[PDB]
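Q: The structure under discussion is supplied below as structure tokens; questions concerning it will follow.
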Ligand SMILES: Nc1nc2c(ncn2[C@@H]2O[C@H](COP(=O)(O)OP(=O)(O)OP(=O)(O)O)[C@@H](O)[C@H]2O)c(=O)[nH]1
Ligand SMILES: Nc1nc2c(ncn2[C@@H]2O[C@H](COP(=O)(O)OP(=O)(O)OP(=O)(O)O)[C@@H](O)[C@H]2O)c(=O)[nH]1
Ligand SMILES: Nc1nc2c(ncn2[C@@H]2O[C@H](COP(=O)(O)OP(=O)(O)O)[C@@H](O)[C@H]2O)c(=O)[nH]1
Ligand SMILES: Nc1nc2c(ncn2[C@@H]2O[C@H](COP(=O)(O)OP(=O)(O)O)[C@@H](O)[C@H]2O)c(=O)[nH]1
Ligand SMILES: [Mg+2]
Ligand SMILES: [Mg+2]
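Residue numbers (the entry's author numbering), protein chains in the order written: chain IK, 1 to 440; chain HK, 1 to 37, 47 to 440; chain 2, 440 to 492; chain IJ, 1 to 428; chain HJ, 1 to 428.
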């Protein structure tokens with residue numbers, strides 16, 4: 001039971017999506033080719049793999065993911081890499097062009113030719129499975145394939161399935177620096193259609209995951225493949241209450257009342273607490289009374305703004321490992337007495353724990369040392385309004401001459417979105433704080 | 001439980017702790033990989058695996074002195090984030106030090122203060138170490154304690170110095186430093202820093218017979234004083250001394266918080282075992298001007314109060330015999346309105362001696378702690394050295410070029426002259 | 440020679456000649472590598488790379 | 001499936017277009033007979049970008065060699081890698097033409113153009129996913145930049161969004177190799193700016209000074225500068241044939257690059273080039289190579305960057321790197337250089353990091369900048385028409401075929417329409 | 001970290017610059033191929049102060065040479081240790097300055113002082129954090145003093161708070177070297193007082209008389225003199241590279257030394273320098289350094305410190321040693337002279353220590369001092385300028401270049417400014 005769909009669309013999330021499927025196959029006995037390695041072959045007693053995988057009778061296990069992107073290059077190394085012996089080769093849809101950052105090159109001109117194929121697979125997977133729980137869509141916010149092309153594939157399941165959950169795992173646009181030049185303009189494209197459907201997100205950027213690599217990790221000047229593993233870990237902690245049972249486990253339908261107060265504030269943080277090497281884990285003990293605070297450190301949270309100007313609204317300390325529940329309320333009552341962690345005045349409910357009994361999952365080929373404890377922190381905070389304050393303002397200083405619009409109007413897109421979405425983006429930033437200080 | 005947290009600041013103060021944390025580590029059975037090859050919990054955190062880590066934060070702006078700690082033989086002891094290094098020198102300039110250079114390192118050095126002390130159960134002090142000459146030994150610690158007075162309040166801070174000798178020193182600009190690390194840190198400070206090291210040089214010539222000491226050889230003896238103060242925290246005695254207890258005892262008035270120290274049974278290895286080091290001998294060996302760790306004349310000052318602290322095999326009827334020896338004896342001047350005089354201290358555990366040192370395995374020991382009515386006299390002519398510089402306003406442009414106002418010195422000097430005259434007010438007799 | 444923007448070197452020889460500083464480089468400067476950690480020396484019994492810690 | 005159809009024209013582009021195929025074939029393991037010799041795997045699996053495949057297990061290019069005078073095409077057939085091509089598309093004629101724009105578009109190039117474009121039609125109508133064109137020409141004569149507009153005009157009449165990628169060598173300031181050069185160069189600006197999307201503009205003068213100063217070459221012949229241009233040829237095509245971590249085709253390298261429909265001209269550049277003497281003395285990193293990308297000397301077209309603000313710098317990286325080092329050290333070049341980038345764009349740069357670099361060093365690079373400062377190239381050539389036009393100098397050839405002075409006056413404004421808009425947008 | 005960037009200037013600069021990089025290179029164990037072949041461990045971790053790395057484990061010095069006559073440049077490269085600088089850093093002029101800085105900086109060097117910042121600004125932004133600069137010159141010549149007053153001046157605009165440390169050789173009492181020296185040292189003070197944070201003065205007969213009596217050396221050329229200035233060269237800079245009980249880098253001296261910021265000239269010296277024949281007979285102790293360091297034989301200036309009073313004195317005692325012997329030996333020299341130490345600074349005496357000797361001696365020490373009677377160095381230069389400038393004896397060779405008459409009197413009053421401030425602070 002308790003299964004979920006993991007489509008990996010757009011280049012950023014399909015490459016982090018290449019990084020999750022190492023991690024699941026390591027936890028169980030599933031090899032890349034799906035055969036248990038001639039010993040520790042199950043008779044069939046357990047059903048631990050059913051959240052993310054499925055079984056074909058020969059002994060080979062089959063995953064549940066779909067790799068779609070119109071780019072031909074990036075899917076082509078999972079048909080020839082170390083993981084070609086894993087998927088189903090009808091899941092893999094390739095194509096002819098990239099995004100080229102044009103909204104109609106993912107929603108009106110090129111993405112309209114591929115839509116009967118991609119809808120006929122998410123319903124093909126779901127009829128084999130018993131009782132569904134949510135979606136795991138891996139899309140970033142930049143391009144016309146990351147952000148233009150998830151809005152086409154979010155707007156059709158939510159009229160197909162209706163009341164299913166949505167979860168996402170990718171990179172937020174940094175406020176200061178980026179790579180794609182039309183990215184100030186670009187994210188507001190997905191928010192016209194994917195705010196009444198989206199119930200989950202990612203809050204902050206890959207910029208600050210460089211700096212955890214500097215300090216807590218003992219590495220100097222990392223790549224992008226270190227980004228993919230650390231984002232890949234918190235995937236296996238949110239989805240750990242669906243095949244591994246503990247004290248307090250949450251299915252993915254409960255999060256649309258945990259974390260969404262009003263219909264337009266629906267996003268988490270992500271913070272793995274003991275992200276440290278061997279050379280510091282040997283020196284330091286890491287009990288529960290500090291890995292709760294290590295989540296609430298201004299450094300270790302993934303945020304490129306000040307947390308000290310933020311008031312935490314609905315945190316959710318999802319623990320995991322060898323933990324004992326007296327240590328938790330010894331640690332949370334420690335937290336709400338601390339004056340610097342300011343909260344929301346009209347919600348003393350606030351916290352929401354989750355306890356489980358499997359260790360942190362290492363993967364060989366990395367920095368990590370083994371720790372007995374780890375904890376995720378999905379936390380809806382206040383301060384991120386400052387980050388949406390500059391991103392639509394980043395649209396506003398090329399708004400005079402309307403630079404870069406010559407290809408949107410060139411290929412299949414109108415100007416009509418570019419004012420209505422901005423005031424709707426202005427409607428999103430005002431609504432954290434037009435309710436932020438009312439009942440005084 | 002009854003712990004402290006030590007922060008070693010400046011090149012004159014980190015180099016204290018390198019020989020101090022030699023001594024605390026060998027005083028337990030701890031190899032610097034952390035593994036032995047419950048009473049020690051006053052200073053160490055313990056992992057699940059069995060690793061010992063001290064309660065230390067090492068802070069300096071010259072990266073050389075911290076780097077020798079990291080690559081030496083104690084690399085396996087510290088968490089290598091406890092060692093906090095700068096990248097440009099403080100350069101004997103608190104206008105550079107606590108205004109410009111320390112203003113960006115101050116976030117890390119406080120975030121380690123909370124995280125080491127978030128673990129601990131209940132504290133009663135801090136251990137801070139510098140001289141009075143360097144810029145980061147004058148200004149940065151003022152920045153490193155005014156935020157500590159605000160963020161902690163009543164919980165004590167204790168300090169220990171090696172002042173460079175006021176008669177012969179290193180820097181020409183050093184009186185510009187030792188006034189403003191006495192002025193600005195006057196209001197915050199509890200039981201604090203000491204007197205100079207030229208008496209340590211002399212006691213390293215007569216009582217310690219070996220000629221030519223180095224800073225390594227003196228720091229053998231400086232760690233001997235401090236551990237005797239924290240001797241009762243790890244091991245029981247028939248009289249036990251808490252460390253908050255030193256606020257109320259040796260401080261007469263709250264602008265006078267510099268009670269001095271010395272250690273009497275210092276003996277070379279040849280002369281150690283011919284003679285008795287009796288209880289009556291060593292107390293009679295504290296109250297002469299020759300045996301002091303203090304290079305001022307005690308004949309000038311009537312003693313306000315003193316603190317005695319015996320280590321080892323001491324029977325307190327001898328202490329009562331030794332206390333009776335000094336008061337009725339005519340030369341020493343216990344002050345007129347204080348008939349109490351003494352704070353006693355005993356402890357069973359013997360004084361530990363580092364191998365390779367010049368000291369001796371003595372059966373008994375005493376660390377004589379006192380406040381004299383001559384402390385203003387060294388404070389008198391120190392401002393005269395400050396008077397002679399600042400008459401023609403010399404060297405001030407290497408401070409007032411950096412963010413600090415031109416007339417800030419004369420605020421401190423007359424404040425210190427408000428300390429000198431009002432110190433002499435208590436010294437007269439009262440009929 | 441007309442061609443020095445594409446000098447005639449094989450991939451294995453290029454990699455082996457370019458990884459020329461064995462230990463001197465990281466000591467004498469911050470010799471960055473793409474995704475590599477820092478290895479302080481440690482005793483034989485004390486620090487294993489991954490054990491019960 | 002990000003395809004490119006190639007051509008050559010003029011004497012200047014024929015050589016560098018021929019010296020295109022020397023550089024690309026060494027990357028991909030091909031032998032001039034057409035046998036794959038490379039030992040690496042990745043040379044083959046995107047070979048159909050530039051190549052058809054020949055029956056019997058053999059490989060063959062995708063280009064059309066044409067120019068009006070037959071010495072050059074007969075010179076390359078005897079060349080180093082001459083025997084690679086297809087012999088049906090050499091449209092070479094024994095006849096000539098005297099660098100006159102008039103006859104080459106109305107009489108003498110009108111007989112030729114159907115045979116010219118029926119083989120650009122051949123290689124395209126049997127294609128999977130066509131995406132672009134590549135025509136190597138040069139700005140001066142009546143055959144090079146005359147015929148550059150001939151081989152682009154009838155194309156856009158059918159291809160809706162295909163992105164042409166030409167490469168043009170500009171007139172140098174100090175010297176001249178044609179008297180009638182402004183009188184023919186501005187004649188193609190009437191059509192090229194309407195239609196071209198990439199023109200990698202090249203000065204001949206700046207090509208010598210890189211050889212004099214960095215390379216310390218006293219004598220750069222023509223075997224050098226083609227091999228210097230040829231790097232930025234196959235440096236932009238890294239994310240068209242190879243894996244990489246930040247991939248973009250010629251369209252994404254136009255939606256990022258092109259802001260307004262007429263300011264679209266690219267400046268080449270190759271980073272890890274150094275003389276033989278001081279090569280050991282130099283150690284390269286991602287911080288060190290980013291100097292040679294952003295150096296004032298490593299630009300193949302001579303202009304002054306300190307007299308203009310960059311619109312969109314796009315440097316493609318190739319090799320094995322750290323990608324914080326890519327992004328943290330392509331902001332440090334933007335923070336420290338503040339006033340020389342446009343204030344109305346918040347991020348002025350874009351990287352592209354590949355997974356297999358072109359051969360010659362471990363850590364190669366190629367830097368492509370779209371400045372504003374190339375208006376001083378535009379000021380001199382547009383001046384050289386009008387201050388030579390106050391006497392009605394050379395019209396008695398071109399008016400034999402109907403090139404009236406009503407044309408040559410208004411096309412000069414279409415050069416100065418470009419000058420007025422950089423001044424419109426330098427101060428914005 | 002605290003890294004320093006080198007410079008050289010003129011004929012004296014390249015000679016004393018090349019011998020210094022024979023000194024500090026062999027301190028670390030670097031052969032002239034540049035690759036570290038030494039056995040010690042304490043030399044590599046702070047070699048980044050003065051050395052970039054050439055790839056291959058070869059160590060390239062952070063240095064740059066300049067002269068206006070290119071023969072004096074290339075004398076260095078053919079020498080013993082000239083094969084280590086990168087050849088891109090050999091900037092130069094082509095025609096000699098002719099002992100005229102009316103030519104050396106106003107007219108001739110102005111095209112070169114524009115371009116030689118590009119090597120300077122690129123070697124000195126390749127550091128994480130910056131501390132200073134160094135340049136070695138003499139105050140009589142034209143090529144390396146007037147350019148030395150222009151190489152300093154452009155630096156102060158763009159590094160306004162970094163401690164430049166420029167080294168000088170001052171013109172002689174009795175045996176002049178050029179006829180025009182009062183037109184030089186009186187005029188190379190106008191752009192050296194105002195914009196240099198650290199300067200040392202060195203006379204050549206003081207360098208001769210130390211080679212006349214204390215050394216008793218028979219026939220030494222300009223070879224060993226270039227070690228003698230190099231002996232106190234890095235004696236200041238050793239506490240940057242190696243650990244010590246009581247460290248003192250540049251900014252610890254610069255705070256301590258200068259009482260008032262218009263007085264930044266200094267008298268260097270060197271302590272354990274013994275004769276070659278009588279080397280074996282002399283035991284070396286810590287007090288025996290001190291008496292040999294404060295007598296007027298080891299002063300490196302031909303203007304007597306016995307006739308004046310010291311302002312501030314430091315000394316660093318390199319090598320493993322005990323430090324009670326530092327203290328009362330510095331007490332000993334402080335009370336041995338009362339008249340020689342000022343009234344209103346009680347302790348006029350500073351110390352420092354390092355733990356590593358020079359490779360070639362057991363335990364060494366150096367000197368620095370700031371004396372009163374160095375105004376007689378300032379007077380004697382200023383006296384010989386009153387003689388020549390009353391009859392305008394040599395003005396017309398410098399006049400027509402662009403330096404008019406008033407610019408020799410403005411630097412003369414500023415020169416008479418400097419002799420004035422010593423006399424008012426002397427009597428106290
Ligand atoms: N973790 C990780 N992130 C990546 C990787 N490659 C790109 N990214 C992120 O992807 C962002 C690019 O914007 P996208 O939204 O992905 O653009 P896109 O939709 O893929 O557009 P196309 O590349 O044309 O398909 C960059 O800002 C990177 O942060 C990668 O390999 N790993
Ligand atoms: N016993 C002992 N005293 C020391 C040691 N190091 C320094 N001191 C004392 O400190 C004095 C000089 O220290 P400071 O003036 O603070 O110099 P610093 O520590 O480098 O401070 P900054 O220059 O500001 O960085 C010396 O005269 C010594 O008396 C040491 O290792 N042992
Ligand atoms: N790099 C290079 N440039 C050339 C070559 N041949 C001609 N040119 C350039 O072509 C310019 C003259 O314009 P041109 O191309 O001949 O016009 P065309 O007659 O129509 O081809 C001259 O300035 C030459 O620099 C060559 O083989 N290599
Ligand atoms: N220490 C030292 N000084 C030198 C040497 N050669 C020349 N000098 C000094 O250089 C001075 C002459 O100035 P010079 O450098 O020729 O001026 P320039 O012609 O402008 O470069 C003389 O006073 C010498 O003392 C040398 O080898 N060693
Ligand atoms: Mg993509
Ligand atoms: Mg210091």
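Ideal Cβ positions, reconstructed from N, Cα and C, are used throughout, including at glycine.
Pull up the distance between the alpha-carbon of residue 127 (chain IJ) and that of residue 148 (chain IK), whole angstroms please.
A: Taking the straight line joining both Cα atoms gives about 28 angstroms.
Q: Show which residues of chain 2 have a CB atom less than 9 angstroms away from the CB atom of residue 58 (chain HK).
A: Under the 9 angstroms cutoff, chain 2 gives 490, 491, 492.
Q: With 9 angstroms set as the bound, which would you pick, yes or no: does the beta-carbon of residue 280 (chain IK) sit closer than that to a beta-carbon of chain HK?
A: Yes, because at least one Cβ of chain HK sits closer than 9 angstroms to the Cβ of residue 280 (chain IK).
Q: Is residue 300 (chain IK) near residue 340 (chain IK), with beta carbons less than 9 angstroms apart?
A: Not closer than 9 angstroms, so no.
Q: Between residue 418 (chain HJ) and chain HK, is there a C-beta pair that is closer than 9 angstroms?
A: No, because no Cβ of chain HK sits closer than 9 angstroms to the Cβ of residue 418 (chain HJ).
Q: The alpha helix (DSSP H) with residue 420 (chain IJ) in it runs from where to where?
A: Element bounds for residue 420 (chain IJ): 405–426.
Q: Strictly by DSSP, which residues pair up with residue 6 (chain HK)?
A: For residue 6 (chain HK), which the question treats as bridged, DSSP gives the partners 65 (chain HK), 136 (chain HK).
Q: Could you check the C-alpha separation between residue 495 (chain 2) and residue 281 (chain IJ) for me, to the nearest Å?
A: Absent from the structure is residue 495 (chain 2), since the part of chain 2 shown begins at 440 and ends at 492.
Q: Just to confirm, does residue 281 (chain IK) get its C-beta within under 8 angstroms of one of the non-hydrogen atoms of ligand 1?
A: Not under cutoff, so the answer is no.
Q: If I'm right that residue 256 (chain HJ) touches residue 101 (chain HK) with Cβ under 8 angstroms, what's the distance once you round it to whole angstroms?
A: Their Cβ separation, rounded to whole angstroms, is 7 angstroms, which keeps residue 256 (chain HJ) and residue 101 (chain HK) in contact under 8 angstroms.
Q: List in chain order: all unbroken alpha helix (DSSP H) runs of 4+ residues lying wholly within the region 386–423 of chain HK.
A: If we require 4 residues or more, the region 386–423 of chain HK turns out to have no alpha helix (DSSP H) run fully inside it.
Q: Under 8 angstroms: do the region 21–30 of chain IJ and the region 471–488 of chain 2 share three or more Cβ pairs, one atom per stretch?
A: At 8 angstroms Cβ cutoff, the stretches do not touch.
Q: Comparing C-alpha positions only, which one of 120 (chain IK), 139 (chain IK), 403 (chain IK) sits nearest to residue 13 (chain IK)?
A: Considering only alpha carbons, the answer is 139 (chain IK).
Q: Taking 8 angstroms as the cut-off, is the beta-carbon of residue 63 (chain HJ) closer than that to any non-hydrogen atom of ligand 5?
A: The answer is no for residue 63 (chain HJ).
Q: When you compare each of 64 (chain IJ), 33 (chain IJ), 68 (chain IJ), 43 (chain IJ) to residue 57 (chain IJ) by their alpha carbons, which one comes out closest?
A: Minimum Cα distance to residue 57 (chain IJ) is reached at 33 (chain IJ).
Q: Quick one, what's near ligand 3 if you take every residue whose CB is closer than 5 angstroms to any heavy atom, in chain order?
A: Residues flagged by the Cβ proximity filter: 10 (chain IJ), 11 (chain IJ), 12 (chain IJ), 15 (chain IJ), 138 (chain IJ), 140 (chain IJ), 141 (chain IJ), 143 (chain IJ), 144 (chain IJ), 177 (chain IJ), 204 (chain IJ), 222 (chain IJ), 225 (chain IJ).
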